[PDB]
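Colleague: part one of the complex, untouched from its place in the assembly:
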Amino acid sequence: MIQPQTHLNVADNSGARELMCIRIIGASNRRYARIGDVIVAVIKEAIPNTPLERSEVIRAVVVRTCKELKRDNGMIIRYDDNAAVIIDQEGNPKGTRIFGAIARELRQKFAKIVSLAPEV
Amino acid sequence: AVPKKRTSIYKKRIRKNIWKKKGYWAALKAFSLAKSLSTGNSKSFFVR
Amino acid sequence: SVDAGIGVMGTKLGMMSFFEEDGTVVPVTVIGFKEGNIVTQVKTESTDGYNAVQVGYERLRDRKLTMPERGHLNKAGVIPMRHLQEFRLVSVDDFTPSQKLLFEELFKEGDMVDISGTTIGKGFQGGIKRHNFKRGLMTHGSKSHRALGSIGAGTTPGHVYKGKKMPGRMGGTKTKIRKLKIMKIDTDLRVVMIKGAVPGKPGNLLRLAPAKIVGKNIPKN
């Protein structure tokens, strides 16, 4: 449930701290987004002396949402924050390491992120 | 708003008779209540 | 309209879940069945100009029926019943009065079915709930919040268009939910389990018949 002007955290080693979604990708003329959906984002806080600057436009995918993610077996997932991970056109992350747990639903689209995660 | 023109005489009466027509249904209820009360068999209505 | 096959009538009892063997969850709706599901009348083209068959349901005390309705059921030696509905068909060569209609003989498993019943009555509702209109500003001095706004152009046409989406009664009418999958049968309790939602609250009447598809089952036109 990621609307534009939504402040997201960063999970990877990309060297950023905060993001701000401005558009959604993949969903035609949609305004919200769940985990696994790609977004366009704007950096607002970055780490000093890193390849990423403060006001760059990038692509990223949502990995954590405070909104609840329903499964088929009745299980539901909930996080206590909103976060994302930057990506390239192929979909691989720039950061070498990942923080936070990832859901198993991302293996069908983003398997590299599932491997680098500490837990699932 | 405001009315453009005045209502006629008979169109007025047709609307008044409907208001008066409600008395027809109120009289039937009273007659039903009396005949259902002049027998002294109803244990659900105390008239005194 | 022409139905693809023959259906029956049941009553909504509630709604619950259904765990599969693998573990997937299925929001399932339950439908009971009263005593009577017997055929009452058989219509033909020679008499009525169309082919169909009546079906009754919800047996009740005989005193409650009007005496005309008794003679209609007493012709076929049929018990008293409250409701009556038809099932139009192409051929009625294999139906007679005083004939029971077991649903398990007609709906085995995983069969698509068209449910139809009365919806929940909302009453005299506005435009935002009925026609999904948008709302005006709640601040910035706006006086109109949940109003319609304009209901026409102006001097041209000079009148309000017919069928303008406006307030009125909402719900309480007949609808039909198409292509619902049946999950399970239970002949012990005389009950049927169907996936998805059903119009109305528990105790409401409905009709369930085989799913009709345009080019497959019914005659095209």
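Modeller: Sure, I can see it. Numbering: from 1, shown residues only, chains lettered A, B, ... in the order given.

Colleague: strand partners of the longest strand anywhere in chain C, parallel vs antiparallel please.
Modeller: Ranked by number of residues, the top strand in chain C under DSSP state E is strand C:174-186. According to DSSP bridges, strand C:174-186 forms sheet pairs with strand C:112-118 (antiparallel), strand C:191-195 (antiparallel).

Colleague: out of the ones you listed, nearest to residue C:176?
Modeller: strand C:112-118 (4.1 Å; CB to CB). Where you see a C-beta, it was placed from the backbone N, CA and C, and this is true even at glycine.

Colleague: now the closest one: how far from the chain's centre is it?
Modeller: Chain-centre distance of strand C:112-118: 5 Å, with CA atoms, centre = their mean, to the nearest Å.

Colleague: for it, buried residues please.
Modeller: For strand C:112-118, the neighbour count (16 or more other CB atoms under 10 Å in any protein chain shown) marks C:113-118 as buried.

Colleague: stretch C:123-143 near chain A at all?
Modeller: No. Figure legend: stretch C:123-143 not in contact with chain A (CB under 8 Å from any CB of the partner chain); closest approach 15.1 Å.

Colleague: what's that stretch in contact with?
Modeller: Stretch C:123-143 is contacted from outside by C:122, C:144-149, C:165-171, using CB atoms under 8 Å, 6 or more residues apart in numbering or on different chains.

Colleague: try stretch A:78-92
Modeller: Outside stretch A:78-92, the residues within contact range by CB under 8 Å, 6+ apart are A:2, A:6-12, A:14, A:16, A:19, A:38-39, A:41, A:58-69, A:93-95, A:98, A:100, A:109-110, A:112-113.

Colleague: mind checking the end-to-end distance for that stretch?
Modeller: Taking CA to CA, to the nearest Å as the measure, stretch A:78-92 stretches 25 Å from start to finish.

Colleague: buried ones in that stretch?
Modeller: Buried, per 16+ other CB under 10 Å, within stretch A:78-92: A:79, A:82-87.

Colleague: also put chain D in, sequence below:
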Amino acid sequence: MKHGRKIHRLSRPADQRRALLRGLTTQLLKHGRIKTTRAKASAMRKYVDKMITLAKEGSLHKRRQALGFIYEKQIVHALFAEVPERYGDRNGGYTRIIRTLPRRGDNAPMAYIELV
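Modeller: Alright, chain D goes in next:
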């Protein structure tokens, strides 16, 4: 719409409902017969049967509830003294409603209510 809502509103807020019905039971249990409207009488059956249900289980915990509900103090002490002998066998339906002509001022449907 009020689908599934079982509550008597009586054209009064909650603070006045909780006081109006609470006050009428004080008068019925001492007089045994009063003259009120039909809407007030219909809402009264739920609460009068409650206080009478407390007397069957005439314990100390059940008494403190009636004291908080019933305004006056002497009726509650007198209520538990007579109900076990008076309603030692009845199970519910501790009152009836007798209809009556309406009032002159507002045509309000009036009716008596009494303890069987």
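
Colleague: again for the contacts of stretch C:123-143, since chain D is there now?
Modeller: With CB under 8 Å, 6+ apart, stretch C:123-143 has contacts from C:122, C:144-149, C:165-171, D:1.

Colleague: which of those fall within helices?
Modeller: Among the contacts of stretch C:123-143, none falls in helices (DSSP state H).

Colleague: now do the phi/psi pair for residue 30.
Modeller: Assuming you mean chain A. phi -100, psi 150 (degrees, to the nearest 10).

Colleague: chain D, not that one
Modeller: Taking degrees, to the nearest 10, you get phi -100, psi -40 for the backbone angles of residue D:30.

Colleague: could you do residue A:105 as well?
Modeller: The phi/psi pair for residue A:105 (degrees, to the nearest 10) is phi -70, psi -20.

Colleague: in what helix or strand does the closest residue to it other than its chain neighbours lie?
Modeller: Spatial nearest neighbour of residue A:105, excluding adjacent residues (CB to CB, 6 or more residues apart in numbering or on different chains): residue A:36 at 5.9 Å. Assigned by DSSP states H and E, residue A:36 belongs to neither a helix nor a strand.

Colleague: you'd agree residue A:36 is up against residue A:106?
Modeller: Yes. Counting by CB atoms under 8 Å, residue A:36 sits close enough to residue A:106 to count as a contact (5.7 Å).

Colleague: can you pick out the residue with more neighbours from those two?
Modeller: residue A:106 (20 against 17; other CB atoms under 10 Å in any protein chain shown).

Colleague: how much space is there between the more buried one and chain D?
Modeller: 42 Å (CB to the nearest CB, to the nearest Å).

Colleague: phi and psi next, for that residue.
Modeller: According to degrees, to the nearest 10, residue A:106 has phi -80, psi -10.

Colleague: distance check, it against chain C.
Modeller: 20 Å.

Colleague: which ones are touching that residue?
Modeller: Contacts of residue A:106 (CB under 8 Å, 6+ apart): A:35-36, A:61, A:63, A:113-114.

Colleague: which of the residues you listed has the most neighbours?
Modeller: Neighbour tally across the contacts of residue A:106 (other CB under 10 Å): the maximum, 26 neighbours, falls on residue A:63.

Colleague: put chain E onto that model:
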Amino acid sequence: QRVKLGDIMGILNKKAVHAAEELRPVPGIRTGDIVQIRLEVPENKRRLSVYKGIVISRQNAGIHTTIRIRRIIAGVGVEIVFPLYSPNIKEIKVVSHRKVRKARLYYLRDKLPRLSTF
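Modeller: With chain E added, the chains above now look like this:
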């Protein structure tokens, strides 16, 4: 005699719970319990996941009786709901029980991390 129609909800609700209980019994869980859940994952075949945490709710809904499990993984808080009588759940434990005074522990979402770390 047959079964009345107003009771079929309870029968089906009671029947499935009885079948799942004999197939896989379950202990009595309340708000504040610290449990350890083992559930099969049809994605893989070899091993199974292991999720633990404190119970912050218990919604009684018959066969779909649920429990919410709060626990902090990788520094971030995570709340997961588990239907008790699902066939995927292979085993449940009750490690310990915390002293509480409420039915639902929603305040922990604002409290410190250590109240939910395990």
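
Colleague: please re-evaluate the buried residues of strand C:112-118 in the presence of chain E.
Modeller: By neighbour count with 16+ other CB under 10 Å, strand C:112-118 contains the buried residues C:113-118.

Colleague: quick one: the helices in the chain?
Modeller: Here I'm looking at chain A. Counting by DSSP H, chain A has helices at residues A:111-116.

Colleague: you answered for a different chain; I wanted chain D.
Modeller: D:14-31, D:38-56, D:60-69, D:74-86.

Colleague: most tightly surrounded among the ones you listed?
Modeller: Across the helices of chain D, averaging neighbours per residue (mean count of other CB atoms under 10 Å in any protein chain shown) puts helix D:38-56 on top, at a mean of 17.

Colleague: which one is residue 33 nearest to, not counting chain neighbours?
Modeller: No chain in the question, so chain A it is. residue A:2 (4.3 Å).

Colleague: meant chain D actually
Modeller: Leaving aside its chain neighbours, residue D:33 sits nearest to residue D:114 (4.3 Å; criterion: CB to CB, 6+ apart).

Colleague: who's in contact with that neighbour?
Modeller: D:28, D:32-33, D:95-96, D:98.

Colleague: now chain C against chain D: closest residue?
Modeller: residue C:123 (5.5 Å; CB to the nearest CB).

Colleague: what about that residue, neighbour count?
Modeller: Residue C:123: 11 neighbours (other CB under 10 Å).

Colleague: for it, list each beta-bridge partner.
Modeller: residue C:170.

Colleague: what strands flank the top strand by length along chain E, and is each parallel or antiparallel?
Modeller: The longest strand of chain E (DSSP E) is strand E:49-59. Strand pairing for strand E:49-59, determined by DSSP bridges: strand E:33-39 (antiparallel), strand E:66-73 (antiparallel).

Colleague: which ones are touching the nearest residue to residue C:111 once chain neighbours are set aside?
Modeller: Among residues not flanking residue C:111 along the chain, residue C:182 sits closest, at 5.3 Å (CB to CB, 6+ apart). Residue C:182 makes contact with C:107, C:109-113, C:192-195, according to CB under 8 Å, 6+ apart.
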